[PDB]
Amino acid sequence: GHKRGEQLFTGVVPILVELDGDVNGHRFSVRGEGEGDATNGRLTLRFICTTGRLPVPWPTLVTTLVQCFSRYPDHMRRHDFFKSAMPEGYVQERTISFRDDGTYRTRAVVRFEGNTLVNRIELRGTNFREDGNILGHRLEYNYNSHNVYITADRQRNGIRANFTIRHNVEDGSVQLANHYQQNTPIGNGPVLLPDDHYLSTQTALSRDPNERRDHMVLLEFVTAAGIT
Ligand SMILES: [Cu+2]
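Thresholds, definitions, all that
Residues numbered from 1 in each chain as written, not as in the entry; some residues may be left out. Heavy atoms only, no water. UniProt positions renumbered as here; feature names shortened; annotations may be inferred. Helix = DSSP H or I, 4+ residues; strand = E, 2+ residues; numbered from the N terminus. Buried < 20%, exposed > 50% of the residue type's maximum accessible area, 1.4 Å probe, protein only. Contact = heavy atoms within 4.5 Å. Polar contact = N/O pair within 3.5 Å; in protein donor to acceptor, adjacent residues only side chain to side chain.

What the entry reports as its method is X-ray crystallography, with 1.6800 Å given for the resolution.

You'll find the protein entered in the PDB entry as Green fluorescent protein, with Aequorea victoria given as the organism. Taken from UniProt, the Subunit comment for the protein reads in full: "Monomer." Listed under Sequence similarities in UniProt, the entry text for the protein is "Belongs to the GFP family."

So, in structure tokens, the structure goes:
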């Protein structure tokens, strides 16, 4: 499926993100729109909290809110699981453990709906501290560069990823978010299962001065590396 998969991403692809979330019994929804340019490994997205203020810091949802837009160099094309699963797409599941705080469990469907790449997510957050960094909104509105370590999950016919996000805290400390990720294709067609490699992920967060709703503007650059 990789030949057709690659062809789906050679241009600029519209993106829709829909997240329904419940954190410590606080229900919220996020809607995101923008576009992806996999050739350049570039995402540009605008996210709105449609339900009110986000009950958690925007930066904590970045990983949850489309690794099919990663730039896989030609010499790594046989290691691109994400595109090879398209258009039928994949299920992306995570446990995100915040050190000394609560846990997110996420399930997402990532697939084409017509010419749009859609990320539809359910998130459940449990055991957050009422006056921790997360529910207290003491995380800086910024984002560090990270490596996403990818390994094949042959039994699942998919991939696993492990990485730790470092969230800057307003007091100059760091909040760690331990990410456990698994991806499973939805379709029956063949997918590429990769050799061990990583996604070099860079994220810039900004605000829209014209927007009254709680929101996040995101630019992301993602390149596959670690195979010579
Ligand atoms: Cu293929």
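Now that the structure is up, let's keep going.
**Student:** Before we go on, may I ask you to explain the environment of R138 in this structure?
**Tutor:** Along the chain, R138 turns up in the loop between β6 (116-126) and β7 (146-153). Residue classification places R138 among the partly exposed residues on the basis of a relative accessible area of 28%. Between the C-alpha atoms of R138 and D171, which are 33 residues apart in sequence, the distance is 8.0 Å. Apart from the residues within four sequence positions on either side, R138 is in contact with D131, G132, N133, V169 and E170. Of the polar contacts made by the side chain of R138, one reaches the backbone oxygen of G132; its length is 3.3 Å.

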